[PDB]
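**Student:** Have a look at the structure that comes next, please.
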Protein chains: 4
Amino acid sequence: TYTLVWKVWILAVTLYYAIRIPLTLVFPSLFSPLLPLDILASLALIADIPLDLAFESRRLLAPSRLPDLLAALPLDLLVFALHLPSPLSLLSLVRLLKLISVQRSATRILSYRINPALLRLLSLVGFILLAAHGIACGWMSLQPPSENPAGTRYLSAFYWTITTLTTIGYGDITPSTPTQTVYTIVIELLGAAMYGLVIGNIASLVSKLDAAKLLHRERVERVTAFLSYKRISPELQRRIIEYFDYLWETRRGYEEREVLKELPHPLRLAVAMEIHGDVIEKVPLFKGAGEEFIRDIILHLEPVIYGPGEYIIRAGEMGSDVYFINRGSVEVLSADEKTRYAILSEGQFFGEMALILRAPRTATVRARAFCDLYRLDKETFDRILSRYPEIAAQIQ
Amino acid sequence: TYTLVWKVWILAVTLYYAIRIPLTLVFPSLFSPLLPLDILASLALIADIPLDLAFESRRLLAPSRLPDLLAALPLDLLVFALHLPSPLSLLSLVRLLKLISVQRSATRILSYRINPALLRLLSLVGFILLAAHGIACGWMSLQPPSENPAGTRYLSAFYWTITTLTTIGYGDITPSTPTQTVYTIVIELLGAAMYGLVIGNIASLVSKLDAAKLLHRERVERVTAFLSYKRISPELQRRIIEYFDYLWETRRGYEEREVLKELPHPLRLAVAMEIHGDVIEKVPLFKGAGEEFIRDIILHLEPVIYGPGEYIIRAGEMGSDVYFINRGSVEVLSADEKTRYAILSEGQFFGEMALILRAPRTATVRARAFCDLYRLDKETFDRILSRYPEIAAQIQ
Amino acid sequence: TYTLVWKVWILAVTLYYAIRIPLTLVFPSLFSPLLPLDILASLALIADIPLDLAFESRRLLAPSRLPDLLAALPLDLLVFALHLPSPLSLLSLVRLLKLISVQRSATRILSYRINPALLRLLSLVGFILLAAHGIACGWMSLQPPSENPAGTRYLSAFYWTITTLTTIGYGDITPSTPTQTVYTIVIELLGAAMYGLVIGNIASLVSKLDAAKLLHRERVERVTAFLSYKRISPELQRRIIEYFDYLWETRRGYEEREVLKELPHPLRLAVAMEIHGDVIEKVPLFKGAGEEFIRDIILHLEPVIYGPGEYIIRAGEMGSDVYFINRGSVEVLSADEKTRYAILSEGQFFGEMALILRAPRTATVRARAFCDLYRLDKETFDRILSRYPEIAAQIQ
Amino acid sequence: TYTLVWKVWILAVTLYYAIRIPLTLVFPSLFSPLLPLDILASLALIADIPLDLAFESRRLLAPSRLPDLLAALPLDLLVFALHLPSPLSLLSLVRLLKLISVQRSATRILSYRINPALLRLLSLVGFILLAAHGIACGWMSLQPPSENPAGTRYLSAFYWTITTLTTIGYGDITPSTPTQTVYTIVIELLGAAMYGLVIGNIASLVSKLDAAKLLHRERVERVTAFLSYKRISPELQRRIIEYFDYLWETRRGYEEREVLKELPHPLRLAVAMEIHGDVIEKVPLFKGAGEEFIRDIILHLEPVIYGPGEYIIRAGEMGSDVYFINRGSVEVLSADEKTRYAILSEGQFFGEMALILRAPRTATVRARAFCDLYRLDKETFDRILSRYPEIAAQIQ
Ligand SMILES: Nc1nc2c(ncn2[C@@H]2O[C@@H]3COP(=O)(O)O[C@H]3[C@H]2O)c(=O)[nH]1
Ligand SMILES: Nc1nc2c(ncn2[C@@H]2O[C@@H]3COP(=O)(O)O[C@H]3[C@H]2O)c(=O)[nH]1
């Protein structure tokens, strides 16, 4: 927590040089009442690399280290103190190689807090404005010298380098000399490239913007276009469509057994233990068993979703499996579907007299709303029951 | 159904303010014979938030609620009644924060009726025109004052703010003062950003436009480029290609067992019951069985597709499985493939003397057109037959 | 084959109207020595709809039929014969609704011959040029009338409507009147929209251009970045990389068992019969078996790929499975890897004394180049051998 | 290694013609003191096609060969020696068809060293600059003839053809004649097309730029948005999130059993042998077994990842499986979780008294950091142990 303020300070220092250096190459009337900030920022840039090594790499010559090395040394201040000429002063731009280090720091200190496409887009907008400043300083540099206030002759140059980079091109102020025209051609290429990069990053940002909502929309029309071929009845097709509308608006389209298959075994055990915690210590058949038994029955529960009105259990069937209610409600009717016995709710269960006995179903269990209930098969229970002899004697 | 007309009314009210307010900031000669519409619309905006709470959230200070709160209060009408000056009148634009609420309402009331990329594109076109109006009003505001009809001095400003935002840039009318030039730079940035967003949304809209037809086109060339490596004969390769052309033009490329695996168990049971309804109550071996038997044989049927001329059953083979015709036709030939016994059609079946007996095939069953027929294996039938003793005695 | 020439004729007729009608709205000095082509093309458009019904739909009021219906009737020729004025002549553009029918015909008569993105891009380029003609005619229409040759006053208008639609915007010739300026604003919107559609279709065309070569490139770096974490030796890692280079440059990256799983059972049987045809009728253990036996052993062969130098069979091992060579070569060495017994090639086999006997390996079988050989497990052979009693007696 | 220098020489020769030929069509005052380079380069182009056949195709009339054939012959030098006129000289551009051969050579000699989208983008930038030269030569050609230095009248033409292709369009220098205007329209179309191709390739380049980091970011929010529906506790949810942060920052998001399933059987055996090499020759139960035994136990090990504090083995449980530590550390506690017995590290193992015996767990094994350990089930060990009788007698 005390290296992040140092990274913010280094970002401020390099942003300071990025605004100041091409502005003082044009005007040498600056730098003279402003040298102490150069002193402070140069000491900061030369002292960052020991703190770049220690407390940053443990917790000096590399192909991914030398921009910071070339940015560290005071290659500037010699130019502005000794009045080096125009084709030789330009090496004071070597401090601008520091921005690669700040890019590479910012693309990992907050890379998973925010979207990687959005971070790249914001970094590109920052570099484009910060480069439009330098291009405006260059255009202001190679103008014919005339008496003009230093605000207005910068304002026209910045207006020109925004008109050229965004490819609008009013053409109200144009090149005159050939040495202006070569500079104009090369920044037309750079402006078209930057605007292509911006359109590419926005196209990569809004393409993946709705993927969960588009994948579900494709999966819901694949089933519909298939069942229209099979000449299905429209009522059942409407029931399937309202099932998918439920499954989108509750758990966002994702199937249960394919989400918690991407967890390892102890975390999947922990999630299933947290889910079926207030349910499994209620049945009067698993009481008195060990903790070894509950962890093995709790990993073989299978989720199903019954719509409103679906017959879970018909009276008079064979019947094999027990059902644990998790979210919805359900009702229990008689064999003639008239006399309501009772109503069940979440945290309860039904069908427990099927794991131990070969009796046929004794009632009709109809769903009321969407249920989201789990089930346990008789074969799976007796398969993982064969290795526990004490409960194998308990159920007999 | 009576809240949707209220949402349409609120959209009309906020669109009314979005057109009117920057137009009356430039011309104070309006608002005076037009105050009653302000009264009606302000009452509507201040009375929407009780109906935003009740009958909308049940069926007041939140980070996703405060734009509607700041849009609700009559922060306007005080400016236009008391003649507040130019840098202070601009807070009458706070009503324009209402558009966030209308965006968030419209992106969920009709989000699955239409395409989410198309909805975002239409909303962006709406916001771009509705913002081009305000930018034209701003450009018309900071002009040098001269006698000019109020239609033409708006028409040139709207022509300018469309020439700048779409990045054409004729340059026939340009900035003159510095305070115009700063405004021109900032809306050049906004225009390049909006046009990047439009190109990005169109690129995300037409990329996923043919996905079902492109996925099948990739799957049909992956098989062809693989079988060209194996040095396959061109006749069988042409038969595979016409198989995939059939499977595209009938059920749109999708495989049967991977479409109805994305349904839950009761809906998959209901779909299979609707498909094999007029077929399974015709065989003279499953008649007299229970409803528990039919629901378990109907879930283990496996679809296959035979091309025109494919040998389904050769006379003299071992033979294990029964076949149920669903869509196409098929013919039955003798052992020498000469004397046609009969012809079968949809709704019928063949091979029923293989589930119960160890006799060899008694004829040759050749397909005629594309068949789309289901089959049932003998091992699967006898596996799910072992738990039903009465039909296990019936077949003996 | 004789309806395609009629579709080409209808495309020529509607392209004729699309070039001619806005050009003759500006110049009424045409149409008079050119009426017979109108007669022929109008008869063609009114006679296409019986051939649109018969021999096209079997092999009259619908929401996808009425553009052809409105294009069929001679709503034109009345305007140009009776000299209808300017705001009323424009309904002669209703013939231009025929292009929807030609679009919908061309997007299905050759939809799978070529790429669906490329077809949409070419159709959009056609519509953009064909609309730039009409927009040029409109700009030429609402000019101030002056004596000027009819080639040059069209050439400047077409130059303007290409400068505006491609968003270059030289600005050398501009609007003058307000009624020109409104037309300029609306086609600036249309030009920005069309150029957004072109960039979107090119971005959707070149994104999926290399998918087979990019998917393999991702799969080859996922394995490398994983095995670099496990601290693997660089020699084996180089051998894995040259394996993937082989598997790209021969069968284009695709795995064998996931390509021919997307075929149905009879076509998969036919492909496996064509592959293992000149191989399986060579072993002296399957000779004398039936055709029922070969079709069941041929569906359980499993492909493996051995690199140059990989030990297939080590002398002295347990050994269970037989190997069928398909593409590469292999060599057979002794127990001390010195005395070469023989060399094998494609179409041959080795390890046949493992299906019938519990003897240990008798030699060392080293690969020489990449082999691409199939294998058959002993358990699978004896599992599908248990149901054939005669070969079960033959092998004993 | 000595054909790559020849390909570089041919690329240099065709780049030489691509710069020189349209520049000498405008100025016939060249070519005369510069013919010997034409002689050398023409001999190179006519002698490349024998080395294109031999040592390139083995290691003459084809639809993918004839551009090189038409580029080979000296169709030039006759024009510049005999002073052919303007509409007939243009066939000297046929040498420019050589660039297709260089494109097709470069798109395969270094196609998997670098990114296929990046290669296409760099090739398009090369072709766009190399075509902007020729378009500038054409614009310079059809100018009104006036005395002007040959550097400046080229510099304005290149400035114009960069202003038009990047769609900026200052409009400072414009067409004058109609024959200039037709050329301007056709290169406006070409410039809009090229800039659409550049934006499309950048949009296809930066879309797939972070796929491994975006796929993991989607998989980590799918689990979180699902477990928020199940009303899970925030502490376990934080533990799941830090698990996924570990699994990203170590092995880049990929699951173990789905990476080395995309290898064939001998390479998967070799990778597992390299991983479990310094581990399996340490247990005092597998010592004295054969090499046939180790290769079969080493293919059935299953990876699991325990977080810091997860109970691997609880004292008093049933217990079945043995665990092999690979990367992390683990600690062994007593039944009351107080007295630390020992600490284990990588290369070691625990739980070996579970494969042979039906005793219950004798301690508590808690993880300390992230472990990355493999396990072997008792049922799998005894299943692959049943076919080896000597170790089946050794364990008793
Ligand atoms: N008969 C009966 N069963 C009930 C009642 N309430 C819940 N159930 C459950 O409904 C189940 C349906 O018959 P089961 O044999 O599956 O076991 C039954 C009970 O577990 C009730 O009031 N009467
Ligand atoms: N009891 C005991 N077990 C240990 C010790 N160090 C490692 N272990 C392993 O811890 C395992 C836990 O009990 P096991 O029966 O699985 O087998 C035990 C040993 O293999 C130790 O000091 N004491």
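By order in the structure tokens, chains are A, B, ...; within a chain, residues start at 1; ligands start at 1, following the order shown.
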Please extract the residues at most 10 Å from ligand 2, counting only C-alpha atoms and all ligand atoms, and provide them as a PyMOL selection string, using the chain letters and residue numbers of this document.
**Tutor:** chain D and resi 312-323+331-335+340-344+348-355+357-365
**Student:** Based on only C-alpha atoms, which of the residues in chain D come within 9 Å of chain C? I want them as a ChimeraX atom specification.
**Tutor:** /D:112,115-117,163-174,178,181-182,184-185,188-189,191-193,195-197,199-205,207,212,250-252,254,256,259-260,262-267,270-271,274-275,291-292
**Student:** For residue 381 in chain C, please output as a list in words all residues within 12 Å (counting only C-alpha atoms; exclusion window: fewer than 3 positions along the same chain).
**Tutor:**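 My reading of the contact set: residues 286, 293, 294, 296, 297, 298, 299, 300, 301, 320, 321, 322, 352, 354, 355, 356, 375, 376, 377, 378, 384, 385, 386, 387, 388, 391, 392 and 395 of chain C.
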**Student:** Can you tell me which residues surround residue 31 in chain B at a distance of at most 9 Å, considering only C-alpha atoms, apart from same-chain residues fewer than 5 positions away, and format the answer as number ranges by chain?
**Tutor:** B: 24, 38, 80
**Student:** Can I get the selected residues back with N, CA and C atoms, as a JSON list (two decimals), in the first residue's frame?
**Tutor:**
```
[["chain", "number", "residue", "atom", "x", "y", "z"],
["B", 24, "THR", "N", -34.14, 27.10, -26.27],
["B", 24, "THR", "CA", -34.61, 28.30, -25.59],
["B", 24, "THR", "C", -33.52, 28.98, -24.78],
["B", 38, "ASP", "N", -44.33, 23.43, -20.19],
["B", 38, "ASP", "CA", -43.36, 23.26, -19.10],
["B", 38, "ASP", "C", -44.05, 22.85, -17.81],
["B", 80, "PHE", "N", -35.34, 30.89, -16.43],
["B", 80, "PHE", "CA", -36.05, 31.60, -17.47],
["B", 80, "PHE", "C", -37.04, 32.63, -16.93]]
```
**Student:** Which residues are close to residue 144 in chain C, i.e. within 12 Å by only C-alpha atoms, leaving aside same-chain residues fewer than 6 positions away? Reply as a list in words.
**Tutor:**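 Selected residues are residues 153, 175, 176, 177, 179 and 180 of chain C.
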**Student:** Mind listing the strand (DSSP E) residues of range 232-371 of chain D, per DSSP on the backbone, as a ChimeraX atom specification?
**Tutor:** /D:302-304,311-313,322-324,330-333,340-344,349-350,364-367
**Student:** What is the CA of residue 234 in chain A-CA of residue 113 in chain B distance in Å, reported with one decimal?
**Tutor:**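 Taking CA of residue 234 in chain A and CA of residue 113 in chain B, their separation equals 18.2 Å.
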**Student:** Would you pick out the contacts of range 32-37 of chain A at 9 Å or less, using only C-alpha atoms, so that residues sharing its chain but fewer than 4 positions from it are not included, and give the list as a ChimeraX atom specification?
**Tutor:** /A:28,41-42,77,80
**Student:** Using the selection just defined, write its residues with N, CA and C atoms as a short mmCIF file (atom, residue, chain, number, x, y, z; two decimals), in the first residue's frame.
**Tutor:**
```cif
data_model
loop_
_atom_site.label_atom_id
_atom_site.label_comp_id
_atom_site.auth_asym_id
_atom_site.auth_seq_id
_atom_site.Cartn_x
_atom_site.Cartn_y
_atom_site.Cartn_z
N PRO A 28 12.44 28.67 -25.49
CA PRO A 28 13.52 28.66 -24.50
C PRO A 28 13.40 29.76 -23.46
N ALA A 41 12.10 16.28 -10.21
CA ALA A 41 11.62 15.19 -11.04
C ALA A 41 12.75 14.34 -11.58
N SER A 42 13.92 14.95 -11.82
CA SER A 42 15.07 14.18 -12.27
C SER A 42 15.61 13.30 -11.16
N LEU A 77 18.76 18.80 -19.40
CA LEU A 77 19.33 19.91 -18.62
C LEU A 77 20.67 20.39 -19.18
N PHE A 80 19.39 22.42 -22.37
CA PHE A 80 18.81 23.71 -22.03
C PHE A 80 19.77 24.61 -21.27
#
```
